[PDB]
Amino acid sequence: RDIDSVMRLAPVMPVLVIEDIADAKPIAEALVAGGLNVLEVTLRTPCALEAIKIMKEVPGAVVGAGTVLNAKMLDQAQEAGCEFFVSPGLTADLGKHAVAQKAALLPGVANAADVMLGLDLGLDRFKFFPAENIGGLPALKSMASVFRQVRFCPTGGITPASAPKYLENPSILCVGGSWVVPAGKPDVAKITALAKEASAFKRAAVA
């Protein structure tokens, strides 16, 4: 499954920071019950690859790795069973490797030079990151109107209040956010409710 398809499965891609492996299964189950099957587990905590291997066992879960900073990490996340890969930015190295490896990479962009490098490598789906701190929807629209063939997932500072505005733009296939898994102790009921709310967001884009 290529990255464009992953982006269309759900309106919101939860960005998970797993601080305790005990939380992995319940978080994943709650998200999936709520209709958010596509899970980005960030490689920001030491227990992240275990957490991935655990969520991967949850039926319906499409588990990816975030915070993939280089080819090494991408290779590790792959071995662990990740179906796609998110990185906060793009380097030529990470890109060339993802392409070579047929890996569904969703790399971060912040400006035209980033997208252009992406395009040169044969990539056309990017994470706009960190969205709210680098110009927000206005900045993304400017990029979208220049790179017509490109589609985005904005992440960074997006909330339940701002997500539907981004999703009204057809250049945006989904948004990333952590508001869906709050605090630090998992409340399966709260998570499932926030996920239901979020999985019902309308998108302009043909999903």
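Note that residue numbering follows the sequence shown and begins at 1.
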For 55-63 versus 35-43, entry-based mean Cα B-factors point to 55-63
Per the PDB entry, mean CA B-factor is higher for 70-78 or 88-96, namely for 70-78
The residue of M13, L9, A195, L16 with the maximal C-alpha B-factor according to the PDB record is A195
When the entry's CA B-factors for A161, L140, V150, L167 are compared, the highest one belongs to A161
Chain thirds by Cα B factor, record data; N111 belongs to the lowest
Of the three thirds of Cα B-factor ranks in this chain, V181 occupies the highest
Quick tally, chain-level thirds of C-alpha B-factors: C174 sits in the lowest
